[PDB]
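Student: After the structure tokens below, expect a handful of questions from me.
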Amino acid sequence: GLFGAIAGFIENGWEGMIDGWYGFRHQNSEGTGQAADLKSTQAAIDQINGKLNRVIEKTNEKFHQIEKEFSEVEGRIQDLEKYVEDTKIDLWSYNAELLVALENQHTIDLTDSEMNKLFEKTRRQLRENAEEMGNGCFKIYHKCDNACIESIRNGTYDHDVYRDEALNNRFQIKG
Amino acid sequence: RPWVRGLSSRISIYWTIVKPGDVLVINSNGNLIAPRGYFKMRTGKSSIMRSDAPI
Ligand SMILES: *[C@@H]1O[C@H](CO)[C@@H](O[C@@H]2O[C@H](CO)[C@@H](O[C@@H]3O[C@H](CO)[C@@H](O)[C@H](O)[C@@H]3O)[C@H](O)[C@H]2NC(C)=O)[C@H](O)[C@H]1NC(C)=O
Numbered sequence: 001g002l003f004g005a006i007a008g009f010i011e012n013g014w015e016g017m018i019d020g021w022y023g024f025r026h027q028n029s030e031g032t033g034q035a036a037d038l039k040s041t042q043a044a045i046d047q048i049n050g051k052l053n054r055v056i057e058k059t060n061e062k063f064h065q066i067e068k069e070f071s072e073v074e075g076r077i078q079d080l081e082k083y084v085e086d087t088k089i090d091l092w093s094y095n096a097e098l099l100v101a102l103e104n105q106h107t108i109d110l111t112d113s114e115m116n117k118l119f120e121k122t123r124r125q126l127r128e129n130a131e132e133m134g135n136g137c138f139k140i141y142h143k144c145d146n147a148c149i150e151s152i153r154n155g156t157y158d159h160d161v162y163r164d165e166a167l168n169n170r171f172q173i174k175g
Numbered sequence: 220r221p222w223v224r225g226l227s228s229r230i231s232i233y234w235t236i237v238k239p240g241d242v243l244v245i246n247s248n249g250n251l252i253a254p255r256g257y258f259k260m261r262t263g264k265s266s267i268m269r270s271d272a273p274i
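Those protein sequence lines, which keep their order, are chains B and A.
Residues 1 to 175 (the authors' numbering) are what the first sequence spells out, left to right.
Residues 220 to 274 (the authors' numbering) are what the second sequence spells out, left to right.
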């Protein structure tokens, strides 16, 4: 949660959303249902499988090298043949033990991105038409339903046309 | 030298490679354990490994 979102302010875990890596939950008149996404689910996983291909299955094929285990005390060259190979392992390790640290931490602020860039999208295609109820979930003024849902859940939403319930239930009702 | 396989004396192995267009010359007045020929010299990609794993 560098971007904040995940494990940030959406502090709840979506239990068993198996139809993908993302989605929504509509509380319309027709009851409920947690819907699955794409351009974000394929989006992130697009990248993860990208930095990875980079890592996994690639370089290095070396044939004849220096010996590294030794049967009798030789001194000098010996010492050296060690210290050289030792230094190698040693370095190569730190490169490894960080390729992870990095790729790993940023693997994160990459998922906690697609989130904080979708709620941040819905909250764009629709004006005063609704607001994320407090935090996490949203709040609607129209009687949106399963059919009406394929609006935002398809970016097919008019905050102009389908606007009727605006000021109203908002700051308009008694107080 | 210590008794090895009966014998108390021994041999010292040495090597010499001759590049195309050069001649080899052996000159001994004793103890020469001369060679019967040359081994071919490849460049390739081979090595050797101490391991007890089975093929
Ligand atoms: C220099 O000294 C060494 C040792 O003091 C001599 O070597 C010993 O030589 C004898 C024969 O000359 C070897 O004896 C045989 O040993 C076997 C092994 O157990 C046994 O089966 C035979 O019946 C016999 O006893 C003995 O192994 C060998 N010892 C060693 C470790 O070398 C060497 O010959 C001496 N050189 C000269 C010119 O004095």
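Cβ atoms here follow ideal geometry from the backbone N, Cα and C, with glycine treated the same way.
1. Between residue 63 of chain B and chain A, is the shortest Cβ-Cβ distance under 8 Å, so that the two count as touching?
2. Residue 114 of chain B and residue 40 of chain B look like a contact to me (Cβ under 8 Å); what is the Cβ gap, rounded to whole Å?
3. Is the beta carbon of residue 125 of chain B less than 8 Å from the beta carbon of residue 149 of chain B?
4. Looking only at its own chain, which residues have a Cβ that is under 8 Å from the Cβ of residue 32 of chain B, when we skip the five neighbours before and after it?
5. So if DSSP puts residue 34 of chain B in a beta bridge, which residue, or which two residues, is it bridged to?
6. Taking a contact to mean a Cβ-Cβ separation below 8 Å, would you say residue 47 of chain B touches residue 2 of chain B in this structure?
7. Whose beta carbon lies closer than 7 Å to any heavy atom of ligand 3, going through the chain in order?
8. With DSSP collapsed to three states, give me the class of residue 226 of chain A.
9. Could you check whether the Cβ of residue 264 of chain A sits closer than 8 Å to any Cβ belonging to chain B?
10. Identify whether residue 43 of chain B lies in helix, strand or coil by the three-state DSSP scheme.
11. Under a Cβ-count criterion, where at least 16 other Cβ atoms within 10 Å of its own Cβ denotes burial, should residue 6 of chain B be classed as buried or exposed?
12. How would you label residue 130 of chain B, buried or exposed, when you count the other beta carbons within 10 angstroms and need 16 or more for buried?
13. Under a three-way DSSP split, which group does residue 101 of chain B fall into?
14. Pick from B:103, B:79 and B:23: whose alpha carbon is nearest that of residue 136 of chain B?
15. Restricting to Cα atoms, I'd like to know which of B:144, B:171, B:173 and B:172 is closest to residue 159 of chain B.
16. For residue 10 of chain B, which residues in the same chain have their Cβ closer than 7 Å to its Cβ, ignoring the five residues on either side in sequence?
17. When we look at the beta-carbon of residue 257 of chain A and count the other beta-carbons within 10 Å, is it buried (16 or more) or exposed?
Tutor: Let me lay it out:
1. Here residue 63 of chain B refers to the residue found at position 63 when the first sequence is read from its first residue. Closer than 8 Å to some Cβ of chain A, the Cβ of residue 63 of chain B qualifies, so yes.
2. As a working mapping, residue 114 of chain B is identified with position 114 in the first sequence. As a working mapping, residue 40 of chain B is identified with position 40 in the first sequence. Right, their Cβ atoms sit about 4 Å apart.
3. Within the first sequence, numbered from 1, the residue matching residue 125 of chain B stands at position 125. Within the first sequence, numbered from 1, the residue matching residue 149 of chain B stands at position 149. For residue 125 of chain B and residue 149 of chain B, no; Cβs fall outside 8 Å.
4. Reading the first sequence from its first residue, position 32 is the one you call residue 32 of chain B. Once the five neighbours on either side are set aside, the close Cβ partners of residue 32 of chain B are 25 and 26.
5. Here the question's residue 34 of chain B lines up with position 34 in the first sequence. Answer is B:25, bridged to residue 34 of chain B.
6. Reading the first sequence from its first residue, position 47 is the one you call residue 47 of chain B. Reading the first sequence from its first residue, position 2 is the one you call residue 2 of chain B. For residue 47 of chain B and residue 2 of chain B, no; Cβs fall outside 8 Å.
7. No copy of ligand 3 appears in this structure; the ligands present are ligand 1.
8. Within the second sequence, residue 226 of chain A is the residue found at index 7, counting from 1. If DSSP states are grouped into helix, strand and coil, residue 226 of chain A belongs with the strands.
9. Within the second sequence, the letter at position 45 stands for residue 264 of chain A. Interface residue, yes.
10. Walking along the first sequence from the start, residue 43 of chain B turns up at place 43. Of the three classes helix, strand and coil, the one that applies to residue 43 of chain B here is helix, per DSSP.
11. Along the first sequence, one-based indexing puts residue 6 of chain B at 6. Label assigned to residue 6 of chain B: buried.
12. Walking along the first sequence from the start, residue 130 of chain B turns up at place 130. By the 10 Å Cβ count, residue 130 of chain B comes out buried.
13. Translated into the one-based positions of the first sequence, residue 101 of chain B becomes position 101. The answer is helix: DSSP assigns residue 101 of chain B an H, G or I state.
14. Position 136 of the first sequence holds residue 136 of chain B. Comparing Cα positions, the closest option is B:23.
15. Position 159 of the first sequence, counted from the first residue, corresponds to residue 159 of chain B. The candidate whose alpha carbon is nearest that of residue 159 of chain B is B:144.
16. Here residue 10 of chain B corresponds to residue number 10 of the first sequence, with the count starting at 1. The answer, listed in chain order, is 115 and 136.
17. To locate residue 257 of chain A, count along the second sequence from 1; it is residue 38. Label assigned to residue 257 of chain A: exposed.
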